[PDB]
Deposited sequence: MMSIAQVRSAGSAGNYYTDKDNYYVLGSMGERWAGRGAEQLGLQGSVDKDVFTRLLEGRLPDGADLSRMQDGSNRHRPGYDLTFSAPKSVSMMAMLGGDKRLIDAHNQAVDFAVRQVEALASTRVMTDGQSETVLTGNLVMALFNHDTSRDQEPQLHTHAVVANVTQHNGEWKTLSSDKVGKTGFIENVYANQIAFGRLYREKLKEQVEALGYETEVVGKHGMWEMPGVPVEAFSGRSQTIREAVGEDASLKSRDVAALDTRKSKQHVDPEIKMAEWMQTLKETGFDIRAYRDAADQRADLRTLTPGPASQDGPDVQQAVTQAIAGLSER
């Protein structure tokens, strides 16, 4: 699904989203800029921690500055964290079963959902004494893949960090609003939390099933898993953590390789089937 949360203070944000220990099992952080806005600022590909931090403060790479220093602290809201988590079985098959094209599938699902989120981008602009929200359609995002849950179990996820900035008629303005009122961006993202989650969730299922794997619905809002995967056995030196995960995986008796060959055969079976 997709969880929502205030982005973590511009101060510690950088190291929080990027220190190697959040993506050790994955190998790389697979981090990247996203959004029409990032493109407008010439931000593409790998993410510079310093530029990212600055972005959270309101300092953009083109000179624009939305920071608000007040008595020693910046009062510009850093932004938001939209976290897309893959289902347990997928996380396991990806980082314990070594099937990396599932990481790609996930990445493809996040890109897809995030593009929909972007259509909600907007800002408050008052004209004629009447203020109203105006769709803006551009965001500046930095995505980071992590592989570990809060309780140290495998969890492939992407923290889609949305900077609190958007361009309007050439001016960089804030998504947040210093005044309660006519529904803004993040309120609209909440009203649609299940839907964005369903978008991601359903896009992943298409990719995943394309690779040959099977899926079965196990809960509300199309929540699904891959049949047969020991999801139950999975509810700080990452090297040790991996060691344990791999061990508890063996204790289940599950045959990873056999599971994948089955997915390969099923896949080929479908491509070579006109009747």
task: Compare the deposited sequence with the modelled residues and state the ranges that are missing C-alpha positions.
output: 236-267, 308-330
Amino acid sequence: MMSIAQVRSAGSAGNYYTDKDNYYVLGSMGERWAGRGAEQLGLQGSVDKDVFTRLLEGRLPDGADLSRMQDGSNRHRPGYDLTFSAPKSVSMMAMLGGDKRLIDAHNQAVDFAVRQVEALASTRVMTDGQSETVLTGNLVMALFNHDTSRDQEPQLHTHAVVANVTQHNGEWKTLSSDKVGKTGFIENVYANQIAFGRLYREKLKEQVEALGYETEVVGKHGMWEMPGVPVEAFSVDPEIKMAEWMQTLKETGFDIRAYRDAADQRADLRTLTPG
From here on, numbers count along this sequence of modelled residues.
- prompt: Which is higher in the entry, the mean Cα B factor of 55-63 or that of 23-31?
  reply: 23-31
query: For the stretches 181-189 and 104-112, which has the higher mean C-alpha B-factor as given in the deposited record?
result: 181-189
Candidate residues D99, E202, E153, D81, the one whose C-alpha B factor the record puts highest: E153
field: Residue, from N164, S89, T133, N145, that the PDB entry assigns the highest Cα B-factor
entry: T133
query: Sorting the chain's CA B-factors, does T271 end up in the lowest, middle or highest third?
result: highest
- prompt: Sorting the chain's CA B-factors, does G219 end up in the lowest, middle or highest third?
  reply: lowest
field: Among modelled residues of the same chain, the CA temperature factor third for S149
entry: middle
query: C-alpha B factor of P238, ranked within the chain: lowest, middle or highest third?
result: highest
- prompt: Is the Cα B-factor recorded for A94 in the lowest, middle or highest third of its chain?
  reply: middle
